[PDB]
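[1] Show me the folded form of this:
(chains A, B, C, D, E, F, G and H, ligands or ions: 9)
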Amino acid sequence: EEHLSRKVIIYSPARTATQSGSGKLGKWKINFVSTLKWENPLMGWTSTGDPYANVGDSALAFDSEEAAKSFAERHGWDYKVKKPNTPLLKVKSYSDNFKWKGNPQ
Amino acid sequence: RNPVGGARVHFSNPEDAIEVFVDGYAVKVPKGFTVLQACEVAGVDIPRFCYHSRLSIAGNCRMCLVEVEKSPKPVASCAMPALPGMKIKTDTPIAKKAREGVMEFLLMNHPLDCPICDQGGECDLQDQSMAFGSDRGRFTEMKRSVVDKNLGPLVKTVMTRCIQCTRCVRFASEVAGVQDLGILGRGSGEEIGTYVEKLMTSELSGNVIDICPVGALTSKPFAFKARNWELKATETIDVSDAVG
Amino acid sequence: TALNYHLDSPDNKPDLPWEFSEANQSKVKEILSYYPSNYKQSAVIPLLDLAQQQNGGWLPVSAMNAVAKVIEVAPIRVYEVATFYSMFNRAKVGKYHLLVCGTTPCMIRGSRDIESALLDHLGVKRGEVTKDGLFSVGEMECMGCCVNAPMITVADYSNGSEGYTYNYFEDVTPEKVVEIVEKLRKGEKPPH
Amino acid sequence: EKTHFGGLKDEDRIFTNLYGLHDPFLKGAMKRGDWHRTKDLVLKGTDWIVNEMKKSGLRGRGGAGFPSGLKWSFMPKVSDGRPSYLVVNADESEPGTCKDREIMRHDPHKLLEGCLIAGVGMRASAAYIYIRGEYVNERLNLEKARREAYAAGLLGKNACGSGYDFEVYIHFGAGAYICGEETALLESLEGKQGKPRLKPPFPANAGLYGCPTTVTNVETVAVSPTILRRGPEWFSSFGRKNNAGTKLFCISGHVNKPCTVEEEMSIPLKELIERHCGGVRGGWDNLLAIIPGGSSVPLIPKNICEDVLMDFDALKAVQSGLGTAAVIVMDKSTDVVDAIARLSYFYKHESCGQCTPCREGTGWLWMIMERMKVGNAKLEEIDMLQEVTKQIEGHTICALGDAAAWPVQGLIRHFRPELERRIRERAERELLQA
Amino acid sequence: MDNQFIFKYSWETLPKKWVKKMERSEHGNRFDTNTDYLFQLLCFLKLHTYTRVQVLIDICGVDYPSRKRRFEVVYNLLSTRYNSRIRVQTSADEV
Amino acid sequence: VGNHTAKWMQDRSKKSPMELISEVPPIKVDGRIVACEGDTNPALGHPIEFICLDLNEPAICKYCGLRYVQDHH
Amino acid sequence: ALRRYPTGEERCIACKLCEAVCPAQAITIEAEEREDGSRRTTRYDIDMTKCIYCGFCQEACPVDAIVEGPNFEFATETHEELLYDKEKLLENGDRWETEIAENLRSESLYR
Amino acid sequence: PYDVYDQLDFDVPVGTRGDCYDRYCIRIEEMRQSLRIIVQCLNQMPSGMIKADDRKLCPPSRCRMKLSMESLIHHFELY
Ligand SMILES: Cc1cc2nc3c(=O)[nH]c(=O)nc-3n(C[C@H](O)[C@H](O)[C@H](O)COP(=O)(O)O)c2cc1C
Ligand code: SF4
Ligand code: SF4
Ligand code: SF4
Ligand code: SF4
Ligand code: SF4
Ligand code: FES
Ligand code: FES
Ligand SMILES: [Zn+2]
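    Numbering: from 1, shown residues only, chains lettered A, B, ... in the order given. Ligands and ions are numbered 1, 2, ... in the order given. For reference, the structure is listed below:
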């Protein structure tokens, strides 16, 4: 009812820039944009009242773009799809390091 | 098979393509691709440290060694061009043993710093040690040690962790266009530095933090503040200029 | 005590002026003439050698910055070269650099019988120059096969680039090495 | 002859001024036969010179022993705009070798005429002679000989009146053993750190300045004119098949009279030491181990030395190499474990540090070998020492990493009981003392 | 009565339309069936002389959000007569 | 006394740990390298840390804060 | 309890291993570079009412900084007194150090 | 059977009436059989490791973790 009209983002998380390994891609997430948190005035702990605080990152997951879209539409959420960026493999040669500079101009 | 990371491959012409075998499976790559790039198209993840797609090939870490048929030695896939009919094997006892031996040499002088190191939890060296070299350590001698260097208020330096991949040096020359970083000395005593005391002034200097595979170059303003597993990641855009 | 970095000192800092002497500009020009004009960097090693000869046998950071200017490269690329090769001295040596205490081929014939006598007659430790600025003792690098000689090397930086000599001496004994030092002090070139 | 090899006569010797009794300069060199009718040799064309080199069976004298003619033929026939370079390797920093130094000292004009002959045989417009940094006196000798050749018209534009322009320049190093490696020499000649390159590219396709390049030893280059003038069949008449020609030998260590001599290839090692160098100090029975050529090949024990011949194939079959033909002889009084640990120090010191298994592994080998020198090790560390050598070998950018593992591998293979005993004696001293 | 005998004998004797998937493994012999046949398959296994599956250890559900029928219902069963266990699974959705 | 300590320490009777480790004099070492374990019994200390002493200023163990210097040069 | 080195410096270097392994999520840590460049916590809270007293934190710590000591008599009259901050934990370490150190010497032969 | 229950001697008491009194007698008899098993475990207890040696699943010792890079990496990953 109340939590079924929130709008979500369906996306496939990119690769971390701090590591060269590509083993965390291919997954599709549903982002609930839970951005209502504050500090508890006793210990400084981070508080929330939003039930979808971490379920979008901890438990819910999808192996395909279609599966995430189907799940969102069955529950009635308004979704926007962000297509992932992919690298373009280009021709690289080690011999390029020693390319001739040509005749002196 | 899906190329690693979903990477796209562009073909100038279907005529300009060659056939190689990656672990028996057959892949088609453009002419001029390396053995490592062919392995990515096959969907096989080769371990690497010195190789960066956006930097010139160096071939010094020796972690990308694979077995090539009719080749007498293990082959550094990051530098070796792919040839038609090439048979590339990555999980053979020769390739696995090469990876374990190199990983042993990498950790020989590496400092026991994972607890105090900001790369901990997002470290290629940690992940590849757990995966490829599952060696019980047998190095009992004295480790080498290096003094830290001052590069300014953005890049914190712990140079005992450096594995001498030269990604930072190559980035400084090729991408930043400011030639301040070099590799000084020779042998196991070689040190990355600027030799004379100078700060990294390039406006792209902070990118050496991302490319350093170990915690040798880290963000000074982010130092010790968080572990990567406790951070929520949001994909967005920058509004500091008109580039997005 | 060679280090892979530099710390500023009054006689070695980047703001000290340093340039090739007018009598050395001709040598600089002819050295550059051996290589394509867009491949000047090939001259870094002979130019660093000439800078070392002019500056009394060592390279201050200003001398390195001067070579980098001639070959038109960033100074870090010159620092890489000067630190990689062992023939370049980045700290002060005496007018006569004495190189001793060889490697594998000469230790078999007892090469470690010459160094201590040298420091004892000279009155310094290895790596530091004498009070009069004449002699320093350094690590020799060996060639050949060490067949008939516990040997020593003498680098003569006492007459700039126009009197530089780099000679090897054979059959050197704890006596004979001293005879070399005394002739070197008096100016006579010892026979080799 | 075909049966036995050795006893090379004065008349078949190539380097006729090895002992420095005559003048090494232009007047004396022409007297001995250098620069004799050089114009006609180069007018026979590139293809003829390469063919004669191929027929002569000349192999690379820098240690690898690659066939010289096939290697010259790798150079492009038609230029794609890029010039072609010849580089002469005169950077012999290997302990125990002085053959190239003696060539530059007493026959510089052989090197200079070999430079031109090789340059025509490679279609190269210029040659660079990379000399070792500490060969200061040798370099000044070479520059004087070069100035002599330029004034006489033998070098430079219209070399010897033939219309082939050939420049010869002289470069020198600054004290690094690794710079003798062919690709590291190229980098050092470019003004960078002497760090070897990976292959491919190969130097014949992208070498100096990214231009087609051949790097060859001083000895290989200095013998091409004499092979051309006397004919390939005379040169191939010495040595066994595939090991043709003559070799410069230098024998040091525990011999009665050490000397550098020029001798027929494939001469028996025992004959070589007993005929030119008196004999092992104390007799042949006193011999313990011999390093055949240079400290970059494994040692061989006494039983192997008895009939092994000094050529590429014979020493390969007993897990060694000809190398630089620098014969180091050790009698029974030498501490072989100390000698190997001393070599392990040299390779750790001389490693350029570029690649991981050599940069880190050479230091590990030295540390263990220093511990094994006094027995401060366990018996199972000998097996571990063997495995660390295998982790280095074949996994490095260049061949210095292999040359670091070979002396240790030879020690374990031939003198393991000596290491085991040193560990036992130390353990016995530990038990009683405390 | 080992898992080799159960897999083979069930293939020969069960009506073919009941079982859509058969997995023989050291993790457990598993029979996947359509929902309309689950009751009959469980009555066969209980009453048949060569199976005698008399004990239902438990029934559990598993949620698979990426599937059209997101729920998997798993029946872990036991034969004390033949000292053997069997897993029978079927899929279901929210309605 | 600093801002880092004032976030948690609300008692000024004792000195802060940053003050206390600053008063331990640097340890003289004969050599250019020292290994620090943080304890006499290595198993009760911190992971072994090798510290280079080539710089004039004293070198700090990144685990326990002990400072080391070269004794002679 | 939180422990110090004999010099008075804290053992904890804010690795956050204890926070990650804690099955009850009872540990909260904030850290930053200290004025002398040291890697130290500015906040170390254990909620004693969420903690299950499993000892996983003490196993995970690489520098023997956090320990479960021998005290079991610490009942309180308020819930907030069982929210331990960093200073309370370091006070516990000072009071119980002699017994904790002896216990660690005893158990160092098994771990 | 699992672990070392196949190398141990014990009886399995069963009832004959299936009422509360049999189940009481079985639980009493099961404590006597548990006592019997404990004695055999005490006597047959061998020396050796108490943790599987594989270095991907078991924590290193404290001394190893503080002295070996590989062990520290494994400890960091495991916890
Ligand atoms: C560490 C190392 C040092 C070398 N030093 C020399 C050298 O001093 N002189 C030389 O001719 N070749 C040396 N080489 C061999 C060269 O790489 C190359 O094979 C040789 O110069 C080619 O000469 P050649 O074909 O005429 O024999 C060295 C190789 C290595 C790996
Ligand atoms: S870089 Fe840091 S986290 Fe990675 S292995 Fe080295 S010390 Fe551990
Ligand atoms: S500092 Fe980092 S990027 Fe630079 S060489 Fe060392 S490990 Fe590589
Ligand atoms: S093997 Fe040794 S000398 Fe050769 S490139 Fe590698 S580190 Fe340098
Ligand atoms: S004992 Fe320590 S690890 Fe266990 S729940 Fe409590 S705080 Fe967490
Ligand atoms: S108490 Fe130990 S495990 Fe927890 S953050 Fe501090 S050092 Fe790390
Ligand atoms: S990744 Fe190919 S060698 Fe470093
Ligand atoms: S004493 Fe032999 S080279 Fe120095
Ligand atoms: Zn410490």
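
[2] Name the SS class of the residue in chain F positioned nearest to ligand 5, please.
    In chain F, the residue found nearest to ligand 5 is residue F:8; the distance is 17.7 Å by Cβ to the nearest ligand atom. Every C-beta, even on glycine, is put in place using the N, C-alpha and C of the backbone. Recorded secondary structure, residue F:8: coil (DSSP: H, G, I helix; E, B strand; the rest coil).

[3] Might you report the residue contacts of it?
    G:41-44, G:85-87 (Cβ atoms under 8 Å, 6 or more residues apart in numbering or on different chains).

[4] Among the residues you listed, which are located in strands?
    G:41-44 (DSSP state E).

[5] Please report the residue range of the longest helix in chain G.
    helix G:86-107 (DSSP state H).

[6] what about that helix, near chain F?
    Yes. Helix G:86-107 lies within reach of chain F by Cβ under 8 Å from any Cβ of the partner chain, at G:86-87, G:104-105.

[7] same deal with stretch B:121-136?
    No. Stretch B:121-136 lies out of reach of chain F by Cβ under 8 Å from any Cβ, never closer than 14.4 Å.

[8] Point me to the residue of chain G nearest ligand 2.
    For chain G, Cβ to the nearest ligand atom, closest residue to ligand 2: residue G:15, 10.3 Å.

[9] How about chain E?
    For chain E, Cβ to the nearest ligand atom, closest residue to ligand 2: residue E:66, 34.0 Å.

[10] Chain F now?
    Residue nearest to ligand 2 within chain F: residue F:47 (9.7 Å; Cβ to the nearest ligand atom).

[11] Could you verify my assumption that that residue touches residue H:64?
    No. Taking contacts as Cβ atoms under 8 Å, residue F:47 lies outside contact range of residue H:64: 10.5 Å.

[12] neighbour count winner among those two?
    Between residue F:47 and residue H:64, residue F:47 has the larger neighbour count (other Cβ atoms under 10 Å in any protein chain shown), namely 25 against 18.

[13] For the more buried one, give me its contacts.
    Neighbours of residue F:47 in contact, by Cβ under 8 Å, 6+ apart: B:112-113, B:115, F:63, G:62-63, H:65-67, H:72.

[14] how does it look with 10 Å?
    B:111-116, F:36-38, F:63, G:62-63, H:65-69, H:71-72, H:75 (Cβ atoms under 10 Å, 6 or more residues apart in numbering or on different chains).

[15] which residues does the closest residue to the residue of chain G closest to ligand 2 other than its chain neighbours contact?
    Nearest residue to residue G:15, sequence neighbours excluded (Cβ to Cβ, 6 or more residues apart in numbering or on different chains): residue B:115, at 3.6 Å. The neighbours of residue B:115, taking Cβ under 10 Å, 6+ apart as the test, are F:46-47, F:62-63, G:12-17, G:39, G:61-63, G:65, H:72, H:75-76.

[16] Check residue D:200 too.
    A:93-95, B:79-81, D:206.

[17] Report the buried members of those.
    Buried subset of these (neighbour count, 16 or more other Cβ atoms under 10 Å in any protein chain shown): A:93-95, B:79-81, D:206.

[18] Tell me the residues of chain C that contact chain B?
    C:2-8, C:13-14, C:61, C:64-65, C:73-86, C:90 (Cβ under 10 Å from any Cβ of the partner chain).

[19] So residue D:230 sits against residue D:12, correct?
    Yes. In this structure, residue D:230 is within contact of residue D:12 by Cβ atoms under 10 Å, at 8.9 Å.
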